[PDB]
Amino acid sequence: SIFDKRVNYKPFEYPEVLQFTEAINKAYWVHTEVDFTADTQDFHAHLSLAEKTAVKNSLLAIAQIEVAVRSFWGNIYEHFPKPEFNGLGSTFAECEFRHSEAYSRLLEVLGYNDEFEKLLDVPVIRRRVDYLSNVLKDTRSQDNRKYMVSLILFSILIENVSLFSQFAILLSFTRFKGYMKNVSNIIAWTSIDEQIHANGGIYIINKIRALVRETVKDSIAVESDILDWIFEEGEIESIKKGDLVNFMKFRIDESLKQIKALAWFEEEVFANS
Amino acid sequence: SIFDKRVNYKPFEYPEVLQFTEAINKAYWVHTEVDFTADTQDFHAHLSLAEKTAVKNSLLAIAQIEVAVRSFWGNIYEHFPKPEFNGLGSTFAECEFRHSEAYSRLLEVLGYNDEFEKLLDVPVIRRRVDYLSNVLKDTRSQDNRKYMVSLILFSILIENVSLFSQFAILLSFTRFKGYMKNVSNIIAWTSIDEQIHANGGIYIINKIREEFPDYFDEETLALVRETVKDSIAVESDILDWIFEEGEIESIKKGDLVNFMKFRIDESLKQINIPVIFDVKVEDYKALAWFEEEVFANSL
Ligand SMILES: [Mn+2]
Ligand SMILES: [Mn+2]
Ligand SMILES: [Mn+2]
Ligand SMILES: [Mn+2]
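Residue numbers (the authors' numbering), protein chains in the order written: chain B, 2 to 210, 223 to 272, 286 to 299; chain A, 2 to 300.
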């Protein structure tokens, strides 16, 4: 089975894994390629306080997940002891380190390290953490039935929902205003990697073939409250909170179908890619 | 300390980690960037039986270490619970998967999968596997002193000497004969990566020496020096199996033994361990072309 340890390296029992690692390989990128001087000039002079807050809080919401020690992918070999899944996890774990460094830099160049330190003082961020830490309680569980339960939640929200909300907000400043072009480059490259991390999760879930889908509907409530915190200074004009909820509803449905004025998102991602 | 868990991502307690990860980032490469058709033609037409056997057995010995599930670097966060070392471990773990795929491919192109499956039937390889087992027996130990011993032997053997003998053998065909230039691209890129891995391990060893100088007692230094001296005996016997069909004009075994001994000594100096062999400039300059040949085959 997939939970049994195969000793020989090749042939790969699941050769489709290379499609996900090679996609990460071809999309390889680091934050040191990008210069944020123009974005700081656009930020300082041409963005309203409600627009500054939307950029600040969206990046803080992204950093809450991205700026952390990521250990799920780097340990799937402990649960799927195959050489191809150790490489799948290795490639995703490295990519998450490039992500954590990129949003650690953005927090530094925009001067938001202090707010990131005390981020749990925000009640709604504290609500997403209490949510996330509990629903993913069995990511390290030796029980192979509730570890699967973790990979479902990990792939459709951590990789598909809990971040693409803030990706579209930041990309809207480049789409409709032509601002934050370099930050949107980091955002476009990140969302591409998270799309591959989601498909890799979806791919595995289909290979292991109630508690799930009404656990994930609980996140739409907390993710909607996060948008209230992101737009606490007022709704900006490039995007609206109501459309982002439907964008969140669209992505969850297509995630489960394989196991909208925000249709421009995919087009905007490849333009800034 | 380095063994204590830190929850906050930054500031980094060990910011020099970024020097090693960025080096891997800048030297990033995948084997699909290279094609080996030209090398199969030089192998088929312009290589003797002695040179064929040296190329095949060297790559078999490399694949013996590289084509496997590598798990040491990807789990260094279990012993150094810092966000820095989880990123350092991930960056190195992904790097080994690019290596495992690269030499998996070289075995496939040149048609050596059957001999790699039966590689354990070679007695000198079984001597290396049992020897490497004691070099890795404490890689999961929760004893920080036992795990530090495995970390020292991992960086100076698996990452810095156990493969560089075969690396120089393959590069010698490109420098002196002008053959196997695509294979030399993989070798040079891999040798750069393993150098960063060994230097990254030396950095962690020295940082443990800073915070815990009592861990470097007389017993640890004696066991490491004796285990290391046992390596050159097994690796020199590997050199006999690599040239089991005759001496080749590209390089000599005597230079390769002096090459490994010098690299081992340079490794011990960086972590303040007494030199074992003390190779003279009379001997280790015969393979001094290895560094520049790696850089020439890297661009
Ligand atoms: Mn990420
Ligand atoms: Mn991800
Ligand atoms: Mn390697
Ligand atoms: Mn290595």
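All residues carry an ideal CB built from backbone N, CA and C; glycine is no exception.
- Annotation for B/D256: the continuous alpha helix (DSSP H) segment containing it runs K254 to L269.
- A/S105: member of the alpha helix (DSSP H) spanning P84 to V110, first to last residue.
- Between ligand 4 and A/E97, a heavy atom-to-CB distance of less than 7 Å is present.
- Shown here, A/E17 sits in coil according to DSSP, grouped into three states, outside any helix or strand.
- In the displayed model, A/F81 falls within coil according to three-state DSSP, outside both helix and strand.
- Considering only A/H198, A/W30, A/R264 and A/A169, the residue with the shortest C-alpha distance to A/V295 is A/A169.
- Listed along chain A, the residues sitting closer than 7 Å to B/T92 by beta-carbon distance are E95 and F98.
- Between ligand 3 and the CB of A/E267, the shortest heavy atom gap is not smaller than 7 Å.
- Residue range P124 to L137 is occupied by the alpha helix (DSSP H) that includes A/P124.
- If you check each beta-carbon in the region 267 to 296 of chain A against every beta-carbon of chain B, none falls closer than 7 Å.
- Separation of B/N183 and B/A297 (C-alpha to C-alpha, rounded to the nearest whole angstrom) is 12 Å.
- With respect to the 8 Å criterion, B/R99 and B/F165 are not classified as neighbours on the basis of their beta carbons.
- Contact check for B/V68 against B/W242 fails: the beta carbons are separated by 8 Å or more.
- In the pairwise beta carbon analysis, the region 248 to 259 of chain B is classified as not touching the region 143 to 154 of chain B: fewer than three pairs are separated by under 8 Å.
- Assignment of A/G247 by DSSP, reduced to helix, strand and coil, places it in the coil class.
- The beta carbon of B/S134 does not come within 8 Å of any beta carbon belonging to chain A, so the residue lies off that interface.
- For B/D40, the enclosing alpha helix (DSSP H) stretches over residues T38 to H47.
- Per DSSP, the continuous alpha helix (DSSP H) segment holding B/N58 begins and ends at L50 to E67.
- In this chain, the alpha helix (DSSP H) harbouring B/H198 covers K182 to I206.
- Excluding its 5 nearest sequence neighbours in each direction, A/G75 has C-beta neighbours in its own chain below 6 Å: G90 and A94, listed in chain order.
- Listed by position along chain A, the residues whose Cβ is nearer than 9 Å to that of B/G75 are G75, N76, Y78, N87, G90, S91 and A94.
- At a cut-off of 8 Å between beta carbons, A/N26 contacts chain B.
- Contacts with chain A at 8 Å (Cβ-Cβ) include B/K11.
- Taking 8 Å as the upper bound for CB-CB distance, A/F217 and A/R210 are in contact here, some 6 Å apart.
- From the beta-carbon of B/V31, the residues of chain A found nearer than 7 Å are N26.
- Within a 10 Å sphere around the beta-carbon of A/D131 sit fewer than 16 other beta-carbons, which makes this residue exposed.
- Spanning the alpha carbons of B/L158 and A/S49 requires a straight line of approximately 59 Å.
- For B/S151, the uninterrupted alpha helix (DSSP H) run begins and ends at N145 to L154, by DSSP.
- For A/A69, the neighbours in chain B by C-beta distance under 7 Å run, in chain order, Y10.
- The beta carbon of A/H32 sits no closer than 7 Å to any heavy atom of ligand 4.
- Boundaries of the alpha helix (DSSP H) around B/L171: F165 to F177.
- Put simply, the residues with a CB less than 5 Å from any heavy atom of ligand 4 are A/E160, A/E195 and A/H198, in chain order.
- The three-state reading of DSSP puts A/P214 in helix, counting H, G and I together.
- Under a 10 Å Cβ-count criterion, A/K119 is classified as exposed, with fewer than 16 other Cβ atoms of the shown protein chains found around its own Cβ.
- If you check the CB distance, A/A103 and A/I206 do not come in under 8 Å.
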